[PDB]
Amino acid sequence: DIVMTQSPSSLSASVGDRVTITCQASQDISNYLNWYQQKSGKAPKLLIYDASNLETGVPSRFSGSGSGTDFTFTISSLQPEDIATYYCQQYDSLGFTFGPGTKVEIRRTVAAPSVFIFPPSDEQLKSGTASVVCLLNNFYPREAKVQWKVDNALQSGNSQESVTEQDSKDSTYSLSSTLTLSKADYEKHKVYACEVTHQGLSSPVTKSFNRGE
């Protein structure tokens, strides 16, 4: 019945910043605590074992310290590839208990998205449905607004967005927005446009096409 806590639940820092996160145990667990890194789409990776021992092959900017009920994990100089969730993990002679995780994100200079628009393919149109896709490429920060305007009519409730995880090299994001319309609805209009606002855009950016090349 050991409760592990971590703080903060998430943080943002710039490349080269020193990052320190904490872990607390509900009872004294001596130095029986480990630290793991889990990148998006990967298994966790052991970084520190027994509170302070650096795993072999793990970069030396990582370190851990503490004992008893309070522990710390430190990245001395945050690198782009360090975006991940970090977990502490208590252990005893029977088993393990993971902490809840601390998500680490990277702060970088504002970068405006490059926008692309794609009409539906003829192959999909033949099947009775139309997907119009808007791509916002390699931007920072993550907050971006995409508005579908069809013949200058703002759309609502007929689009879904997806955002990549932060890029492990340049710390940007990308975003796709998909407007789904029946084939008949698609043919009711001519001008399909995606209007993009972002902190790096002083004025909105619009990408559009005319139904039929």
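All residue numbers are counted from 1 along the displayed sequence.
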| property | result |
| --- | --- |
| Average Cα temperature factor in the PDB entry - higher stretch of 108-116, 92-100 | 108-116 |
| Average Cα temperature factor in the PDB entry - higher stretch of 31-39, 149-157 | 149-157 |
| Selection by C-alpha B-factor (highest) of 187, 167, 50, 70 | 187 |
| Maximum C-alpha temperature factor, selected from 10, 203, 14, 22 | 203 |
| CA B-factor ranking of residue 134, expressed as a third of its chain | middle |
| CA B-factor ranking of residue 61, expressed as a third of its chain | middle |
| Chain thirds of CA B-factor: placement of residue 175 | lowest |
| Entry-reported Cα temperature factor of residue 163, expressed as the chain third it lands in | middle |
| Residue 124, C-alpha B-factor rank within chain (lowest, middle or highest third) | highest |
